[PDB]
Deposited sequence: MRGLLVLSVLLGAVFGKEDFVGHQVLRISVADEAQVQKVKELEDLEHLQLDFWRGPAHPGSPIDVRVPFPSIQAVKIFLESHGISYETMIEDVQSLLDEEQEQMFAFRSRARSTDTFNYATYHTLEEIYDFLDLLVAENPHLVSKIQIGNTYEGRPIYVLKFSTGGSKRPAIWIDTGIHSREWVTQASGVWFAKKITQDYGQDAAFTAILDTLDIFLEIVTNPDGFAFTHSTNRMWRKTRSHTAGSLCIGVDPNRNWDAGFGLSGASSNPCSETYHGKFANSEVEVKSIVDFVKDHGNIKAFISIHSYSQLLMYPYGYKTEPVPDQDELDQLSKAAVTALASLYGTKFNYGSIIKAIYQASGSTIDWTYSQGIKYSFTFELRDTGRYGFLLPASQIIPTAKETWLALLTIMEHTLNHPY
């Protein structure tokens, strides 16, 4: 099991391209074993990086020598994990939604939820992962066949544990509110919802068994010691090097070609075979953003005004509960340019209401968010999802 005692997470501010390029020099030094949480992008995008203890002085002196400002977001990564492990140690009503679960625990949850709600909920298998694990989607439906549908996925990046944990909560919430809250009942009486809670099962299993900081898939790359592809750079729209890496060791390695990862191709084949997906929402952490296309280019989507207004309503709804502030905009404007990310592809297929979320927080814990924040994160995000779903329903 990887440990991280004395590892720090630094947030580096890069004020111009020159400073971006200096941080890219650090990234190129594989011996430092750096783990970028938010990689070099453009000037003014903060660069968040986990630095192993023996690399800390070298990194700090480098940044200081070049006048590049940084702050220490996390002083001791292992303290957060030990805490996480510590608070980690029947029916869906007695399931603990306020802790983090393993892949087996989540998959057991899926079967319990189906067993308890056979007229609403079914489980679909859309593929098997690189390592052979089944990939499962929950389908919530009141009838029809291939009704217009909302697709939601969480955990495409395995280390973003609050997203799988929110997915589990959303699945339970849907079953609680169907037949009970009329406004939500109205959504499901017309639309199906598909929910993929563990979108990268191999990386997820790997975050529990081996390396809590694992992001990518677990595919092997011929003649490289580095494993895995960033599934959020592996989609066939805008694929390439302006916003992803051809280096197998990169956190944003895009693979050899689009849809090389079965976890991505399974969703592509599903969506195309279904043919009537009307909203597609892909959920990540962290940064508190709600985004619409495009990531790969600056040209607005033709539906930009409508999607921007809907984004504004959705973050206002989210903020209603706890005041959590999300910014919104195209991917390229709100966060950075990225090549081959999911909703560029889904929008290109005709799914107008294509959105991607980056949930809590804004870097103090990053993806090591305390379990105690699972439910608040899930509750607020559900209000944003309801906004998108109501719009999908009433304003197609």
Where does the model skip over parts of the deposited sequence? 1-16, 106-111, 419
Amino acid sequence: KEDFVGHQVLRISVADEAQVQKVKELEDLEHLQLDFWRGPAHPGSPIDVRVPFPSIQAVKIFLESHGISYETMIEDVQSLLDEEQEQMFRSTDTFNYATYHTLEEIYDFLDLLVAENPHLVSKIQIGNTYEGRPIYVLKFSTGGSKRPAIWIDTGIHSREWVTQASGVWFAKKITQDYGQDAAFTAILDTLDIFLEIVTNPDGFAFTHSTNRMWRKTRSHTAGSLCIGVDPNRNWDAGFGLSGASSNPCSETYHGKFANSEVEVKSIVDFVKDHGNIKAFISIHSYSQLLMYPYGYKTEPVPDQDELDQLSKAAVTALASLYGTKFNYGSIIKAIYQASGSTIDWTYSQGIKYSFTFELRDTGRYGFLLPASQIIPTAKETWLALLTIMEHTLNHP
From here on, numbers count along this sequence of modelled residues.
Please compare 284-292 with 113-121 and name the stretch with the higher mean C-alpha B-factor in the deposited structure. 113-121
If you average the Cα B factors in the entry, which is higher, 134-142 or 297-305? 297-305
Entry record, C-alpha B-factors for 354, 327, 65, 330; the maximum is at 65
Could you say which of 370, 350, 340, 44 has its CA atom at the highest B factor, as listed in the PDB entry? 44
Using the B-factor values recorded in the entry, state whether the Cα atom of residue 172 falls in the lowest, middle or highest third among the modelled residues of its chain. lowest
Place residue 212 in the lowest, middle or highest third of its chain's C-alpha B-factors, as listed in the PDB entry. lowest
Could you look up the Cα B-factor of residue 232 in the entry and say which third of the chain it sits in: lowest, middle or highest? lowest
Could you place residue 154 in the lowest, middle or highest third of its chain by Cα temperature factor, using the values in the record? lowest
Taking the C-alpha B-factors as the PDB entry records them, is residue 265 in the lowest, middle or highest third of its chain? lowest
